[PDB]
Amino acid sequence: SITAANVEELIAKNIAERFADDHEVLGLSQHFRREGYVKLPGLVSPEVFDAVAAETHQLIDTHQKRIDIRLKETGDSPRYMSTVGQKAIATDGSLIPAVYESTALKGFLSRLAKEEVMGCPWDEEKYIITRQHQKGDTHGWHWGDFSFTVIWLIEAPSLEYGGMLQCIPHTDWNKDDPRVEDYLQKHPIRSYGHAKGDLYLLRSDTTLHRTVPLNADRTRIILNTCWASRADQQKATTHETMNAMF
């Protein structure tokens, strides 16, 4: 049994075992910086992942709310999904709030980012859950308010049914003039596939990204743990997108 009291040890020993090659870590850091994204297999042990997955499933069953909205601040891109907010996770969750404070996890991500990865200054963006479960469900084109986002693939169908991540790095989010279509025309799109058990890190504030809409009745669930930079702390932020989805 994995608990909030013994999880930080299990995270640190897995990181010490999985990421011993400094040359491998250097390539992962360079991938993250170049592409705004890097896949991180084995970021946590399978046993730690399965425990977090179980807690996420319990939180979905007791708190998920359906949304079907389009966000003007991201070019009217859709958010067709069911979701669980941070306040619900901080109240009835245990492993997820503890993992978010993991010094070992934030220390490894700091190696990749080449700067201090620390807690989000807005509590309601620390961790969220989304569940795509209908044909057409999608997390539309958007940026993030903060810098370092880790996505946990709790459940996912085969990629012929949707869910593919697409990214354009080294962009910016202008909430008054997002110009999403202009970004797609001016830059190539990189697509990344993921399956259950995968974790990936994404520079959300400068990487325009979305998930390809589900084309069938399938289930795709992710946990979003979002950390921030030092400049993010004193950053004047309005949270209109999070207020609408959560």
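Don't overthink the numbering: it's just position in the shown sequence, from 1.
Relative to one another, 189-197 and 55-63 have unequal mean CA B-factors, and 55-63 is the one with the higher figure. In this entry, 119-127 has the higher mean Cα B-factor, the comparison being between 119-127 and 132-140. For the set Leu153, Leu95, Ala113, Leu159, the maximum C-alpha B-factor listed in the entry falls on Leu95.
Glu47: CA B factor lies in the highest third for its chain, per the PDB record. Split the chain's modelled residues into thirds by C-alpha temperature factor. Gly107 is in the highest one. Sort the chain's modelled residues by C-alpha temperature factor and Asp176 lands in the middle third, per the entry. In this PDB entry, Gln86 carries a Cα temperature factor that places it within the highest third of its chain's modelled residues. Compared with the other modelled residues of the chain, the Cα B-factor recorded for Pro41 ranks in the highest third.
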